[PDB]
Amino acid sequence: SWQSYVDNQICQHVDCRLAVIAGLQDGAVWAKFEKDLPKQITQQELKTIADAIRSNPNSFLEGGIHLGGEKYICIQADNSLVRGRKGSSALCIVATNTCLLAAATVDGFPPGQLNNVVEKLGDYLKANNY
């Protein structure tokens, strides 16, 4: 299931604050895991991200990356990979052929392990034409 990808492939390999798989066209949530977020992740947040990663990755520089009612400052943005930080919490977002994959880790978790896990799942999905 989509939820098993979130709970196992992502959140048993990193210590998640959040993880989500959503549709790249409409931001529909296919699966999600949350820890202790100020607000539940919304389709509106996901669609905003999807539209920016598809049409203008620079938009994340103005006003940040909003997910779970939290703002992450952008440290990397292009049409298939966006990364951010909120304090010592890292965020990594990938666009596959059909999906947005996003995960953020608890305070202090190594950003590179997060990036490696998300990018690896993205590559698996892309290799299956997802």
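A residue's number is simply how far along the shown sequence it sits, counting from 1.
Looking at the entry, does 99-107 or 62-70 show the higher mean C-alpha B-factor?
Going by the record's values, the stretch with the higher mean is 62-70.
Given the B-factors recorded for C-alpha atoms, which segment has the greater mean, 41-49 or 25-33?
According to the PDB entry, the answer is 25-33.
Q76: which third of its chain by C-alpha temperature factor?
Its C-alpha B-factor belongs to the lowest third of this chain's values.
Third of chain Cα B-factors occupied by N115
It falls in the bottom third of the chain.
Could you place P57 in the lowest, middle or highest third of its chain by Cα temperature factor, using the values in the record?
Its C-alpha B-factor belongs to the middle third of this chain's values.
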